[PDB]
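# Overview (structure and organization)
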Amino acid sequence: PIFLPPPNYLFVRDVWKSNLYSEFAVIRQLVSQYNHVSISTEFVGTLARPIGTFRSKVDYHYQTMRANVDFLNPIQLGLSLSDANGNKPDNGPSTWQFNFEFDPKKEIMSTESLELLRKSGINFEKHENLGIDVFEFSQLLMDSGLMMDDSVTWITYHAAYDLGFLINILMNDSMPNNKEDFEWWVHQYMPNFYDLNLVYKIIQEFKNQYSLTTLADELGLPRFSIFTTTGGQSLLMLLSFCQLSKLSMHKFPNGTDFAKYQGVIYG
Amino acid sequence: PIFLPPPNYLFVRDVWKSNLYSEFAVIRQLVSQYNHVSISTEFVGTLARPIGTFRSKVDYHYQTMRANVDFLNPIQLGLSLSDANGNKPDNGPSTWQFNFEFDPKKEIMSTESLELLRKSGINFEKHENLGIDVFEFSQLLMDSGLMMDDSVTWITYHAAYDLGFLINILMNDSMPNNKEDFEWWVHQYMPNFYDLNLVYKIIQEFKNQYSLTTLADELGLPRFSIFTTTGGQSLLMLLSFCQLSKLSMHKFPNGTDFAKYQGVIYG
Amino acid sequence: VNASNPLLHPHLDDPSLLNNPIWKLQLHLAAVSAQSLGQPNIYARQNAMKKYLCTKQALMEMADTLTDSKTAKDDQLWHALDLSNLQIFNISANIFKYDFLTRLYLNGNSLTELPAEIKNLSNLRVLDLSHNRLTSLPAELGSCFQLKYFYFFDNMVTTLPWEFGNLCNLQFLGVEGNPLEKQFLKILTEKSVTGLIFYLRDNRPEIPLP
Amino acid sequence: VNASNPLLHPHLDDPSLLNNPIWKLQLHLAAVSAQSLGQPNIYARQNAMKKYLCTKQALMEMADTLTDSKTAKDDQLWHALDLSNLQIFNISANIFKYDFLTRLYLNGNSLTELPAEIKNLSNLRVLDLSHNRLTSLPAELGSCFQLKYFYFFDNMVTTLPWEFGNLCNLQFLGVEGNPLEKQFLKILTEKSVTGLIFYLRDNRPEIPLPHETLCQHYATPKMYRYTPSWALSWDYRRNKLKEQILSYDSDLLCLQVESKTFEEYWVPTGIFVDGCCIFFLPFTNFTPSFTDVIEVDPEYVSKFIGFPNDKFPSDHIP
Amino acid sequence: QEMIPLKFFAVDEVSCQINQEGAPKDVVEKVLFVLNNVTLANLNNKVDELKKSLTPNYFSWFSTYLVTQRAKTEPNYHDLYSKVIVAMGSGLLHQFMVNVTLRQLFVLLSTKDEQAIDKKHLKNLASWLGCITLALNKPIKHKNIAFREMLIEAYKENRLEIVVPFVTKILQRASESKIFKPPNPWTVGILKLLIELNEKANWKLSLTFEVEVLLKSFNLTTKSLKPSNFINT
Amino acid sequence: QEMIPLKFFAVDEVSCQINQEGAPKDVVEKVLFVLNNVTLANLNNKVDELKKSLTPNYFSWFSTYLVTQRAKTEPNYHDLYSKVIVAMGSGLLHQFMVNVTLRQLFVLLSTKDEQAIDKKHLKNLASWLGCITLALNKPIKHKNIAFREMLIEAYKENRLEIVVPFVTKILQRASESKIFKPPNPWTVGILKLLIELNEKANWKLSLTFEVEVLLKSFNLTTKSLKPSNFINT
């Protein structure tokens, strides 16, 4: 089975300080018609480890994440919109990659992962000078009409961190003590969303890693260089989610809706 | 008062046989969100006159129009979409000019009006070879979702002929005997529409020619070369109608809605 | 230089056909037709005035045929289509789809052909081809039998296609002038219209069955 | 060449401090340190195993000090942070916004500096800078007075900031080994830690001013340990209170005062073991316990963790 | 059963903020009473009552019932039920009906094993779609079903046996429509492609019989229109 | 009165197929009975009845009444009415309310003659908008009102005296919102622009008083946040 999205679908637009507002205008326009938005992020993942007590492995997972979202800043964030069937405007960019202002010298990093990230294709000069200011960003994203609307559907893959950074950016405050509050915030800010990684897990588990590229390969998509970018990442997870939700009419093999695992994090 | 629409708004796309289907795809996409569509046409207007009886000046007007729509073919047809506030996609063309297949040698024309039309900017060579086939057109326009939907709002200026050609193209049959049936067809094919020329008439008549360019000038719009094209024409009447409907909240000076004259032709 | 051409106008060559009541008629009406030129849809306008208060050489053909023979003793509605004088090289096939037309003025154009479809115009009564480029006329103009007045003045037209006088009711066939073959001319003078029509009715060549 | 370097560990010269339980503990604990290299987040792992039942440096410290003692006779929760041995050349100031932190292990990275915001960490008790690239340590690490164990091994650190021994409670300080000026090493060998801490407290250099009440029984050193011991003594604070009171010519002096020193000192007039006497803002009261009121140059009040101190002989002010 | 992607068929959401619920015993009761006792004559009234029982929050349910329980298996009553829907006078309810019909249809058409699809239900449902759309002088949007494309796709996929009845059952309702009956250039374009297949396909004769019945309903023969060019071979 | 175009403010249609009607004497009756007899305590029940009387087809009317008849002139009762709306539990009804509020607001803000606009109604309506949106942890979409832009525009149009109360009366509701109170980067960006104007504007002192009251409601002073850079001068 070969799945070959229309060429314009594969176009990812770099956003910098310079073009932030225009792109956000476009976004603001498309969101009504294309109500599925998918998110990806890129950071050092240099994780500090919290020590002490907590509670089950989730309170530990949460605690670690919290600590890290707090101590770290995302270098890049991808976004992608499409309609529920995974259609995108035949005209103009439907996928953005926002590049935040990130100074290696001023932020947590190891020449190790600095060089690994340069190989990844991050240009730290551009990010230093031309980088988006996350305050501006958070502000545009607030009234854009993606957040806080049952109408919009958010799509994420292995979301703990990605949703962490996002909610952190929106809150403009230190992440909460506990998973519970963090979740009140997630559900407030994004009332409708799916973790593709969990839906896929569950699916693969009838007829029984889960890496997105596996889901992608089974779905038929070629491996285009573009998919490795952060933006590309959001693209891929959106194409994959939409295709998969079409095939199965968002029903699991057993006839219960994907909607059961709406709101459900991790994977 | 100066009214200066964003630059992208002023871009008109030429549609030929070659690009017909793609542009119609785009249109098909936008129609949901941009539900206001305006129409203009261009032909010889070399009217044949009917003689004999009829009924009041309207049965005569209709009869003449009928005869002409039947004997003539439109050279060009402009379309323009926007949202009810007159916003257009910041990306891609929101205004098309469809160039039909038109052979001067095979159709009704007078070297007089042939040369007048070449001055107008019609290139009859292109229209001869590359011109859209009106069967294909009518077909794309049918299922596009502009037609037969209360949702969409059609905008026209001095519509008798423009609506005549449009309805004639959709019907793929000889225009009806009488104004009454022609109107059944208009109302079926376009359940929501306005004649800007009549609304403007009515408006100017409190405080009491009506040429669109007057309405345009009073509205604040510069005279851009683009507005003289057929496409440009649809553009201008759409910008005008949206602006005007914003200012007055689609209410006449006396507080009755524009909606009173919905469905109402001529001017 | 086509007005002084004896092929087109045979009283240049006669000279006096002008004291033949038949050619007196012809050159007369033909003059009225020639006068009509330059205004688009003349007939329609003339009917504007006539309705109000205006030549209408259908009406002058009527006057003249009467004075010629007196001194020789919902919807259906509008029936006539005025395409006159828009110098037009071509004619829409759709006009023929209007079968209710009793009139149809095609005169004052560049038309070089008359479509065979003319035959679905069978309720036709006046027809005016004058001041066009027709080089010949449709047989199967013959199917048009209800024709009273028929004018192609000024074309280059050699012959009538037999068939009509398949058209019996024709009162006036204006021919002046195109380069007629002189056999029809010689009949048109001395037998007039009805006479010409009868030569045609009578002497049309045979035609077999399979 | 650094592991055998004399300029680094000066105990390749002695040769034997190996007897001195001081630089003995320096060596045992410096080796427990340099053991932990190579694995990301040790303290968190170790604590994995611990919680279950690879020991600790904090715990090896606690023991070895305990043996030096044997032979001298909804939520709040988790407090420790582990950045260990994932080789990091920087830190976002953000970690310091976490003030419930009592532990903070930064060892085995590339840190060439420590952000001053560390001072915002005030509940810190352990701190490990071991095996980083540090050229020198910040001042204002001294606002960290609650510190118990603090390790920076293997770094190149020459001088200590003063500031500390502004830090009273410090039990262990691992210095082994960085090319220290050797005099600090001197006080440390045989005066131990507080030997050195106090050295620092008591000689800092003069700390000037731009411009512009503790009865002695209550002034006990146990309570104010940041005030260089001489400044604390009543001999000094009498004189100071005097010059203070005299410079300020106020027509009514309400003194906030031992009875004895009123009827001996203060009498040369006014009226009244303890008491209060009478003759005819950011803080009234400055201490690491509570800085509040019940204005003096604040760039001056920085670089002090409380009063009374060199020029202000009470935790209160006029 | 294994599903395949469908290029030219798609369903959109219904856009409303009204929260859709199932119905409680009494609503279901009143509703099925109305639906079971309805005759062409009593329609206006019966529906007048139905309007009092069945509120918009219930539309999504009514539709899903009426389509899957009734319309799918009971062709005779299509007209009747159609007239009921029209009588309600709710654009939202209609939106829902079409939406359901389209979904079910999607399932059938995307079933990978041909013999696995019940063609009685496919036909009944196509006829139902036509009955609430074309026959009502309302269009089927191209974004929902693109016929000519879907046909050509079916010819390249050897799926012509599921698609052809599906199309012809939908179109066959265009003959009740002043708007969609020939020479409606749309209807006709489709007809011409079907005719072109009925030569160039060399498909089984059931299909030919279907193209012929459809053409029959318009009073035409496979001779009536020139086939199109879309099948290269 | 002469209207001017508004660059940054706009109203959209409500998207539903449900045909909106006015109400007959009895509906109006039942409804105004409910609205007049409502106390914070009886709310849940009174509304339970209102739900039986007031059907979705009537929403467009109820809104237009409640906003123009009540909300506009009776600030005290905003909270109450807010709680009524929320109690209904209809997203469509809410959509309508916001829609009406937005329109009326549009009219006021686009009136060309400043002295011609009643500022009591402008204030009451801005406070009402805030009350049914920000205070409810629901956003005002940028496409409806773009504040920072609208402010800068007002400064370049000398319209700051109509806009500033309008903004501050809407924002002053953000303090009931766990989501929109500072440091909500959105709320705060706005605040910083208002502070920047409260220096660089040299506007009348009523305005300054307004910026100060708004900042008061968050327990901040014009000293709290660095003004922004948006006013060049």
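Regarding how it was determined, this PDB entry cites X-ray crystallography in its header, along with a resolution of 3.410 Å.

What follows is about the overall build of chain A. Looking only at helices and strands, chain A has 10 helices and 7 strands in total. Taking 2.2 N^0.38 as the reference for a compact globule, 267 residues should give roughly 18 Å; the C-alpha atoms of chain A span a radius of gyration of 18 Å, in line with that estimate. Dimensions of chain A along its principal axes, counting C-alpha atoms only, are 50 × 45 × 35 Å.

Membership of the largest hydrophobic core comes to 373 residues, with the highest contact counts inside it found for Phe98(A) and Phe166(F). Once residues within four sequence positions are removed from consideration, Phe98(A) is found in contact with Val15(A), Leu20(A), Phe24(A), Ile27(A), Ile75(A), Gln76(A), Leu77(A), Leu79(A), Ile132(A) and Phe137(A).

All names here are of chain E. Positionally, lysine 72 belongs in the loop between α3 (59-71) and α4 (78-88). Buried within the structure, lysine 72 lacks any salt-bridge partner; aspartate 118 is the closest side chain of opposite charge, at an N-O distance of 7.4 Å. A polar side-chain atom of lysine 72 sits 3.2 Å from a polar atom in the side chain of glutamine 104. Beyond its immediate stretch of four places on either side in the chain, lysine 72 contacts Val67, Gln104, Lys120, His121, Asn124 and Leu125.

Residue and element names in this part refer to chain B. Most of strand β4 (residues 76-82) is tucked away, with 7 of its 7 residues classed as buried. Side-chain alternation along β4 places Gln76, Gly78, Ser80 and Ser82 on one buried face and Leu77, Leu79 and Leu81 on a second face that is also buried. Here 7 bridges tie strand β2 (residues 36-42) to β4, and the two strands are oriented antiparallel to one another. If you follow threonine 41 over to β4, its bridge partner there is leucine 77. Alignment of β4 against strand β5 (residues 95-99), held across 5 bridges, turns out to be antiparallel. Along β5, the bridge assignment pairs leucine 77 with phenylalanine 98.

The next thing to look at is the arrangement of the chains. Between all 8 pairs of chains that are in contact, chains A and D come out with the most contacts. Looking at chain B next to chain D, you find no contact at all, with the nearest C-alpha pair sitting 39 Å apart. At no point do chain C and chain D touch; the closest pair of C-alpha atoms across them sits 81 Å apart.

Topologically, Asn20(D) is positioned in the segment before α1 (21-35). Looking at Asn20(D), the relative accessible area reads 16%, which means it is buried.

Glancing now at unusual backbone geometry. In this model, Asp14(D) is joined to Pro15(D) through a cis peptide bond whose omega is -5°. Mapped onto the elements of the fold, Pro15(D) is located in the segment before α1. Here the bond from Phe164(D) into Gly165(D) is cis, since omega is 25°, no more than 30 degrees from zero. Along the polypeptide, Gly165(D) turns up in the loop between β3 (149-151) and β4 (173-174). Despite not being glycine, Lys207(B) has its phi angle at roughly 85°, a positive value.

Glancing now at the environment of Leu93(F). Within the secondary structure layout, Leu93(F) lies in helix α5 (residues 91-110). Each C-alpha atom of the pair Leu93(F) and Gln172(F) lies 24 Å from the other, and the pair is 79 residues apart in sequence.

The set of residues buried in helix α7 (residues 147-157) of chain F consists of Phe147(F), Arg148(F), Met150(F), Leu151(F) and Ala154(F). For α7(F), the arc enclosing every buried residue in end-on projection is 165°, short of the 170-degree limit, so these residues lie on one face. Taken together, the buried residues of α7(F) touch α1 (20-30) and α5 (134-143) of chain A together with α5, α8 (160-171) and α9 (185-200) of chain F. Immediately downstream of α7(F), the backbone of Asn158(F) shows phi near 55°, a positive value.

This part covers the UniProt feature "repeat: LRR" in chain D. Under the UniProt annotation, the feature "repeat: LRR" is placed at residues 76-98, 100-121, 123-144, 146-168 and 169-189 of chain D. Helix makes up 0% of residues 123-144 of chain D and strand makes up 14%, while its end C-alpha atoms are separated by 7 Å.

Once that is clear, we can look at the interface of chain D and chain A. Taken together, the contact pairs 25 residues of chain D with 26 residues of chain A. Of all elements in the fold, only α2 (42-52) and β1 (80-82) of chain D reach the threshold of two or more residues within the side of chain D that touches chain A. Its residues assigned to classes, the side of chain D that touches chain A comprises 15 nonpolar, 7 polar and 3 charged. Note: strand β3 (residues 49-51) of chain A against β1(D), 3 bridges, orientation antiparallel. Bridge pairing in β1(D) places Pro50(A) opposite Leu81(D).

Our focus in this paragraph is the domain arrangement of chain D. Residue and element names in this part refer to chain D. When its domains are assigned, chain D resolves into domain 1 (1-203), domain 2 (213-280) and domain 3 (281-318). Once you take the C-alpha centre of each, domain 1 and domain 2 turn out to be 40 Å apart. Taken together, the contact between domain 1 and domain 2 spans 5 residues of the former and 5 residues of the latter. The residue makeup of the side of domain 1 that touches domain 2, split by class, is 2 nonpolar, 1 polar and 2 charged.

The next point concerns the interface of chain C and chain B. Contacts between the two partners involve 26 residues from chain C, matched on the other side by 25 residues from chain B. Those elements that place two or more of their residues in the side of chain C that touches chain B are α2 (42-52) and β1 (80-82) of chain C. Of the residues contributing to the side of chain C that touches chain B, the split by class is 14 nonpolar, 8 polar and 4 charged. Both strand β3 (residues 49-51) of chain B and β1(C) contribute to a ladder of 3 bridges, which runs antiparallel. By the bridge assignment, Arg49(B) is partnered in β1(C) with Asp82(C).

As a further point, take a nonpolar patch on the surface. Residues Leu252(D), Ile271(D), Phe272(D), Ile278(D) and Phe280(D) make up a contiguous nonpolar surface patch of roughly 530 Å² in combined accessible area. The topology assignment puts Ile271(D) in strand β6 (residues 270-271).

Moving on, we get to the pattern of salt bridges. Where charged atoms from two side chains of opposite charge come close, those side chains can pair. Under the criterion given, the structure shown has 38 salt bridges over all chains. Residue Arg55(A) pairs with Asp59(A) through a salt bridge whose shortest N-O separation is 2.6 Å. Given a relative accessible area of 46%, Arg55(A) falls into the partly exposed group. Across the salt bridge formed by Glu176(E) and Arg173(E), the nearest N and O atoms sit 3.1 Å from each other. Classification of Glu176(E) as partly exposed rests on a relative accessible area of 43%. Look at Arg173(E) and you get buried, because its relative accessible area is 11%.

What follows is about the sheet that holds strand β1 (residues 12-15) of chain B. Residues and elements named next belong to chain B. Overall, mixed pairing links the 6 strands, which are arranged β1-β5-β4-β2-β6-β7 in an open sheet. Each end of this open sheet is capped by a strand with a single partner; those strands are β1 and β7 (193-195). On average, each strand axis in the sheet is tilted by 20° relative to the strand beside it, whichever way the strands run. Two elements, strand β6 (residues 153-156) and β7, share 3 bridges in a ladder whose sense is parallel. Bridge assignment links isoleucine 155 to a residue of β7, and that residue is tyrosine 194.

Rules and cut-offs
- Residues numbered from 1 in each chain as written, not as in the entry; some residues may be left out.
- Chains lettered and ligands numbered in written order.
- Heavy atoms only, no water.
- Residues with missing side-chain atoms left out of burial classes, pairs and counts.
- Helix = DSSP H or I, 4+ residues; strand = E, 2+ residues; numbered from the N terminus.
- Rg over C-alpha atoms; globule rule 2.2 N^0.38 Å.
- Core = buried A, V, L, I, M, F, W, Y, C linked by side-chain atoms within 4.5 Å.
- Buried < 20%, exposed > 50% of the residue type's maximum accessible area, 1.4 Å probe, protein only.
- Contact = heavy atoms within 4.5 Å.
- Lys, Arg positive; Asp, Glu negative; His and termini not counted.
- Salt bridge = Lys/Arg side-chain N within 4 Å of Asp/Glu carboxyl O.
- Polar contact = N/O pair within 3.5 Å; in protein donor to acceptor, adjacent residues only side chain to side chain.
- Pairing = 2+ DSSP bridges.
- Arc of directions from axis to C-beta.
- UniProt positions renumbered as here; feature names shortened; annotations may be inferred.
- Nonpolar A, V, L, I, M, F, W, Y, C, P; charged D, E, K, R; others polar.
- Domains from an automatic or database assignment.
- Patch = residues over 30% accessible without salt bridge, like charges linked within 9 Å, V, L, I, M, F, W, Y side chains within 5 Å.
- Areas by Shrake-Rupley, 256 points an atom, 1.4 Å probe, with all protein chains shown as cover.
- Axes fitted to C-alpha atoms, helices over the stretch in contact; angles between N-to-C directions.

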